[PDB]
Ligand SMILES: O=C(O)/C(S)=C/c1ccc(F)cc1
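Taking the form deposited without the ligand, here's one chain by itself in structure tokens.
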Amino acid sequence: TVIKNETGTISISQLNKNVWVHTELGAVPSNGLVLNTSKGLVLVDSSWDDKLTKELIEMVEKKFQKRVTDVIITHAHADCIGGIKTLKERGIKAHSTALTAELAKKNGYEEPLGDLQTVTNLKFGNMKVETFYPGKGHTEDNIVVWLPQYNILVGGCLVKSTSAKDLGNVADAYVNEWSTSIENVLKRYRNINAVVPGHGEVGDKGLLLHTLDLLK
């Protein structure tokens, strides 16, 4: 089940009952999650900019007939924090680590909450969400999101997709530590089912091993 906007730059596909993957084209695709809970919609990452972000919000709010209440920002790059201004004017709480918040400000973006600690567990209605900071990798502040009820891991851009052979922008990356950080994710979560890459199709733990291979 995949719904799209007339243009095709925004699509939302269902992973299971209350978990959907949202993808926006900036033409570079970017993934994030949409969580349908009993108390509203929760997104993992926004979009490239305020126009796409607003349109994404409008699309999901109309479909689920609920308001988007929270958003988890995985790192301070445009494909994740690009629509921060849109979130703040709609009363949407932009969760982030303190580091992501100071890097967002340093990059000309408005500041997210900076509330997430190294390990933070949030529960929206009956939906459980855990955020984890594994260390530096794709960026200095990147975090991953874990849904313990589905054993779904949002690796964000710390994880590359199956056909990806390029690590992407490494000017802000810590290539040498990236490997250790992925190992911390692997040691922390022993039974992973699906993992959503920052860009690309949903896969499994094999995506982390693949990324470790690219990093060698």
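Numbers follow the displayed sequence, beginning with 1.
This next part talks about the form solved in complex with the ligand, which is not shown.
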query	finding
Site check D79, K160 and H199: each within 4.5 Å of the ligand in the deposited bound form by heavy atom	yes
Among the candidates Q65, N176, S38, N169, the residue which, in the deposited bound form, approaches the ligand to within 4.5 Å (heavy atoms)	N169
Heavy atom contact within 4.5 Å of the ligand in the deposited bound form, the stretch among 91 to 99, 71 to 79, 142 to 150, 125 to 133	71 to 79
Within 109 to 144, the residues that have a heavy atom no more than 4.5 Å from the ligand in the deposited bound form	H138
